[PDB]
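Have a look at the structure below, then the notes.
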Amino acid sequence: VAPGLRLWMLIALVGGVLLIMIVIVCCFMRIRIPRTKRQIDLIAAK
Amino acid sequence: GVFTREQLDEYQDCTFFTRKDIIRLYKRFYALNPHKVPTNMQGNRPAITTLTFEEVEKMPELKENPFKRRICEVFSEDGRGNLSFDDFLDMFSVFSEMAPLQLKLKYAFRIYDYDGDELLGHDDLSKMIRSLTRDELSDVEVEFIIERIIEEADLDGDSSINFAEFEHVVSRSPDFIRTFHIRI
Amino acid sequence: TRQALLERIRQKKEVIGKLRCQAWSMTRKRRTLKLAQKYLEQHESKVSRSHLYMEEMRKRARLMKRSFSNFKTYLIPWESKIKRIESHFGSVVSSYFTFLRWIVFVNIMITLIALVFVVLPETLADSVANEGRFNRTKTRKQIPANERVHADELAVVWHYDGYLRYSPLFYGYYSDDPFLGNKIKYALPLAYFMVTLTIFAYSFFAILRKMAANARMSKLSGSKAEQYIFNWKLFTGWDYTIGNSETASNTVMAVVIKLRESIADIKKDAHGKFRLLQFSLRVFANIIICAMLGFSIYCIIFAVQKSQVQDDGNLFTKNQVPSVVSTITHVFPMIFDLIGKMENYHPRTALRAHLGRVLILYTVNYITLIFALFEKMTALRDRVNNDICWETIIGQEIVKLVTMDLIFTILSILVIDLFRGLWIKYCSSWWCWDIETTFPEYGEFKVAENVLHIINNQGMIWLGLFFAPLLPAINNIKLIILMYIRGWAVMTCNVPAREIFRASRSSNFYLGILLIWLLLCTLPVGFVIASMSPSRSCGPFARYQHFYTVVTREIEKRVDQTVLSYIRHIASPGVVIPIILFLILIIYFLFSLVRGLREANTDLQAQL
Amino acid sequence: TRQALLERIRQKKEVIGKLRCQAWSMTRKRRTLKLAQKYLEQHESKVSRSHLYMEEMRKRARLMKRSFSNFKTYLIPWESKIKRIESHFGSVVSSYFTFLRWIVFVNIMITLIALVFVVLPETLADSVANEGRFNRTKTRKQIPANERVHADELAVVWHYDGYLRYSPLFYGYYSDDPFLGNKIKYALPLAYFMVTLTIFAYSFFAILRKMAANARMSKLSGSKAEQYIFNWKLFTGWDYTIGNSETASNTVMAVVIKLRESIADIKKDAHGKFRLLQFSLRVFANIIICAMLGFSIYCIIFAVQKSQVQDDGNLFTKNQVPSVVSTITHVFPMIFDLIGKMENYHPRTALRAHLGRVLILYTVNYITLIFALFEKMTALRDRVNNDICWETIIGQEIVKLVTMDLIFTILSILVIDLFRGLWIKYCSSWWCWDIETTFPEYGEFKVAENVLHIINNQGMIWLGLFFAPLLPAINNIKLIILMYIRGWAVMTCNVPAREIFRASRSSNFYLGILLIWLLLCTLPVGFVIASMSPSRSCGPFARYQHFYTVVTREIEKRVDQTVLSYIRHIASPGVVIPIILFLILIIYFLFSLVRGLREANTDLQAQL
Amino acid sequence: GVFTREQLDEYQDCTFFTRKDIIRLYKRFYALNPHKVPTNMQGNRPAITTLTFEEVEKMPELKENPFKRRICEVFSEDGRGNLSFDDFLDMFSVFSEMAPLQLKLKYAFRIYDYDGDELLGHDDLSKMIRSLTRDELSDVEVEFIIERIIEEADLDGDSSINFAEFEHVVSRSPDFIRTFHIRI
Amino acid sequence: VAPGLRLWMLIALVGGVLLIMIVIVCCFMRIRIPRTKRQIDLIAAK
């Protein structure tokens, strides 16, 4: 509605629900970005 | 009600574990092998339920320890190759953070020797070095290490370290309590 | 008869107490327990009724303690998470998480202390406020209709103005009524002052008790230690907590490197070298560090000075003091690390020097910010003189600083750990240089830097809790978010360090830094209480010319004037200075005792 | 080359320095000295000019130190007297005389400090005083012609009135002129204040230096001692100083008794006994001691109060406060001893209890007298208000107390030692009971009581030297008389003790008591300087509203006002209290460290 | 000018005595026997001037000492039964109050033994007890005393006390320096 | 001369000269009032 008195609530709500979904999703999976030294050595050799 | 009130009372007096810790340890023991561990163990059942050394060594806590076999042998009962629930409890209560420094020192000394003559000789120290290092040191390197260890940690000139000297030397290290600890 | 009974009771009690701390088998322990129980049952009909009552009361106390412990272990959180972090990364990384959990517990206790006696009674009084109390507190508990329209503007809210300024979070919200109401007669200003003092007293007590438990009850024998290099690097060379394959291999390599370097150092024992280039680099680095410290001081002072407006002249520039200080607090350390590359030496003393520089920077920024804030508030109060509420303003600055610090910590975690790790993973094949095998790497957990972050935040909380009663309540949420995000970052983005050192290798190192910070933070609160005068239009102390007057006015109401005049004279400077001299003398005596004991121990060790 | 030369020089210097402390023969020592000298001569032409200059300067410093020591040993008195006392009575009796000689030296140094900068410049200015200075100082340096007729009356003189009141001995004699005269420009009030501060600073420094020399440089290895009963009572069981036959026989009997009682105590190891009569006697004695302490307080207060006259109303009653206090100081100890007969136990703890009671009585009398004197002066100043000179009056009271203490000490020495000894010698044949073989005896030297007398007198001197600049000058004569009379009394009347014990068996016991007394005596001087206002008709501080104003007015004349206002805020109570807390915290840390070191040492001793 | 500048310089370097103390000690040495002590002793005369043990023991300082003979023997030169001026100076500089604790301990240990084998055996301790006590203790009493002394002041179980053990035991006594002192 | 203004000087001077004579005399002799234990025992036996 309002550009300076209502837009920020909408943006904050969108960000909050997106962050809640991201946190819930990331609480059910076990990402491991780095690779082990064995994989690094294998890549370097090849 | 896996354990009666008196069983948990005795467990709490003997060990450093509360009822929740005893229940969690029992759950882990059952998960190690559901078939060999009876669900109901009221009475003298814990003293007679045993698991093989390999099955206990399969757990993640002891999987990567170089001295896993030594720990299992030290904390086992008179039976060879078998570990009971009571021995399991004693093992994971000794390693706890609530255990005193003296008990940890005693059991660390008992672990670090192999023959079992209450003395840390040249052979025992060499075996420990080749186990911890994974044979990544030269023979001269290793021998120099045991030479230093025996000469700087001996008071009777016996070329062997007794329990008193071991405690007096390694109880002043600030990293023994921090390292000699298994969380469970 | 009686002596034999006492000896038997003492022996049985000692055996039962020491049963757990004994290196015995379970069967032997159970046999000893049954034997002791049977002996006690036999000896029960040996003593009179008084001994039986004493034994019964002792048994009841022991049983109640055991039951309380059993209930307490059900309320300890973050055990599986800390266990996983310990097993994947080691027992030195998890020390930070255990420290953070203890800090969370202490902050929760402080929150309960400040919430039971201050926030809750005032809120209950507000809920049942009559016409008189409503009229008396409208000017401080109701937002004016002129400003109420602008209560939410993404800038009024972000600056804790509007509805937040008239909330129980700040000092100016509380009323001046000596009594909350009838049938209760609760003194709110006295509760405020006593809660502020009690929070500091309890913080001191908790830190000292933790220090004593960690040292006196655990490592009291570690004093006067020497040599034992190979013994300490071999008998304490494996971390039993580690349960990962890669971490185990890293530990094996680290212990091999440690032994090899110790033997290499002990073999040659020759130290001869002098290069002018290295000395020039070292002095240049130590000079640019001081230049950057001075630049930080100048930036903090400039940022505080530019925020010279109290009215809503502008807000995109008034919020530059939380964005600047936090920036330094989060950006200067890494730059320091880079400078540490120029000064190449032993990694342990390099880490100690880095910690010293970071601590000096933090303390300097703290002192500069405190001085600038106090000077600005004094100047603004003089210029404006109803009267402004400087306590609410100081609380707002502290709360905004804490919030910006949390935001910057989250941003730094996202950038350094997540995005850098993804960039290394997906861009190491075709980069100009091999980033994976070069300085960039994936990232290591900086235990000391993070613990210093925690200590700095806690110091801010201690400093600002007098002007903002609900600051620890917000800090609880901040600490919980910090714990969760740090756990996720270390589990997902960081790799175990190839060789991790310690600044002091002591349990009470960070606790000692925390105690020093607590003293440093109680200095300006004490100055404010002793010297500055409360505002006349806000807060609960608006009826007094001093903050302590609420206490003295009650002390003088129960103590005669003559004895009061006699006791006031001990506070004379000429009586206080000899007390300082006496304390210095006993400090010198104890230091001489310590030096003599150390010399005697060294002489005995050398002779024998 | 250079390293070898440095090593050779260091070895030669160490050998030459350690030559004296080596258990070698004289021929071996001389041979080593010649070898070292020849080696140094050979190595002289090995280094450059800078090393030669350094060696020359070191040699000159050593030679000048040796020459100064050789000159200094010619000015040490009372060596033959102390040697004779040591040979006739032992090395524990002569400790009092060595302590007294050191006290005499310290008092002489204090006298020189207070005489070079205060008394001498003022006397020289008075000698060359012009008409203006004479007119300005007539009211304080000239006795009025009305009173000049009564200047000598055996009561005006005995009370230090008349000509003594207008003498450089008292505070009111000195003038208010900021400068003594032309071409000198000597500030007398500043010199007075700085000399008063410097005397206390030097006293602290001398006591601490003596303590460090006695403990840190001599018995630093005595810490953490245990058992060794037979070793300590056999290897250190003969006094090598004793050179008398009767004293040697007494020492042999004492060592025999010591060994026999030690073996008897170690044999039975049985302690079972409970008599109601003994407990009743002990509690009765401990009650009458407290009753006598309260009676002493009441007597001191009554004596001070009755001296409520400032004009010459009467003098045979005004002099009752020096005659009463001294009486207690000299009569209550012996009564205490008699009470110690009722409380029969181990002679060592009996001596320790007697010392504790005497110290408590002395401190209580000190505090009561100080409080009563200050209250009386305040009341008199309020009643009388040119204005009276309360500083001169306080100085007069202190000087009269010291003089009466000396008189009572002389009387007690004459009565207890000389007359009692003569009575025993010439009246033991036909007395009712054998006094020679009973309690009366001839008399033993009480080392602890006499040392406490010395410490109490020195405390009076420290307290009263601000109001009486020439008090230490008189105390020098008092100490010399005391040394001579005590030596004569111990040589002529006393007999060696059959078995003499020690309260603490420590070198720095009496020095520690002296340091505690110095702090106790600097408390009220500090209060006077910080709080009380100078008289407007006497002294050098009559132009200021405070005693310290002469210092601050000069500090403010060289320091800007803004920085002064900034530094004054550190003296705030809310900043001072955290400093006290920090000092208490570091004291706690050092105490915990000492306890841990002691526990570790005990555990190591028990294990090994 | 009994001593030259260099003689007094050497004396001050070797001992703890200033020129006045050296002159006083020379005066006492001359007073012990004027005939045997030459007035002029410049050069090597002090090393050759000797007095009998009894004459030195006649002085009041050593007259009543039970161990006067032991002190004279310990501080004497290779000559037996004769004490020279240099040995006299060494003796009265060791006993001085300016001497360090270590030198006093060394010479006290050297005095307290009789055979001269650097060990305090049962016989030496018994002799010292019967000398200090003056045979006022029963044989059982004496033997009990040496039993206590040997058992509470021995670390190697040799039934004899070496110099290191003696120093470690009696250097912590506060009365050793106070007693082991002769003023002159 | 004077009874309250001059007699005390005369008394003090007499006492001072007498004390000086006593001190000088007692500085030339070696009085030892107590008797040794041997003399006490001999007297007690007889």
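Letters are used for the chains, namely A, B, C, D, E and F, taken in the order the chains are written, and counting of residues starts over at 1 for each.
The rule is simple: a contact is a pair of C-beta atoms (placed from the backbone, for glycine too) under 8 Å apart; a residue touches a chain by one contact, two chains touch by 3 or more.
Here's who's who by UniProt: B, E = EF-hand domain-containing protein.
A.B. asks: With contacts counted as defined, which of the two, B-D or A-C, has more C-beta pairs across the interface?
C.D. replies: A-C
A.B. asks: Could you grab the centroid distance between chain A and chain C? Build each centroid from C-alpha atoms only and quote it in angstrom.
C.D. replies: So the centre of chain A lies 30 Å away from the centre of chain C.
A.B. asks: Using mean C-alpha positions as chain centres, tell me how far chain C is from chain E in Å, no decimals.
C.D. replies: About 64 Å, centre to centre.
A.B. asks: Distance-wise, how many Å sit between the C-alpha centres of chain D and chain E, to the nearest whole number?
C.D. replies: For chain D versus chain E, the centre distance works out to 35 Å.
A.B. asks: With centres defined as the mean C-alpha position, give me the chain A-chain D separation in Å.
C.D. replies: Centre-to-centre distance between chain A and chain D: 77 Å.
A.B. asks: Return the residues of chain B touching two or more other chains; collapse runs of consecutive numbers into ranges.
C.D. replies: Residues of chain B touching two or more partner chains: there are none.
A.B. asks: Could you check chain C for residues that touch two or more other chains and list them?
C.D. replies: Those would be 221, 223-224.
A.B. asks: Using the touch rule from the top of the page, what pairs of chains touch, sorted by label?
C.D. replies: Touch list across chains, by label: A-C, B-C, B-D, C-D, C-E, D-E, D-F.
A.B. asks: What does chain A use to touch chain C in their complex?
C.D. replies: Within the complex, chain A touches chain C at residues 4-5, 8-9, 26, 31-37, 40, 44.
A.B. asks: If you look only at chain C, which of its residues touch chain B in the complex?
C.D. replies: Touching chain B from chain C are residues 16, 19-23, 25-27, 29-30, 33, 66, 69-70, 73-74, 82-83, 86-87, 91-92, 95, 218-219, 221-225, 227-232, 234-245, 247-248, 252-253, 255-256, 259-260, 263, 266, 505-507.
A.B. asks: Using the touch rule from the top, collect the residues of chain B that touch chain D in their complex.
C.D. replies: 155, 164, 168
A.B. asks: Mind pulling up the chain C residues that touch chain D in the complex?
C.D. replies: Contact set of chain C toward chain D: 208, 212, 215-216, 220-221, 223-224, 515, 519, 522-523, 525-531, 569, 571-588, 590-601, 603.
A.B. asks: Which residues of chain B touch chain C once you look at their complex with the stated criterion?
C.D. replies: Those in contact with chain C are residues 10, 12-16, 18-21, 47, 60-61, 63-67, 77, 86-87, 89-90, 95, 99-103, 106-108, 110, 112, 128-129, 132-134, 136-137, 141, 144-145, 148-149, 152-153, 166, 169-184.
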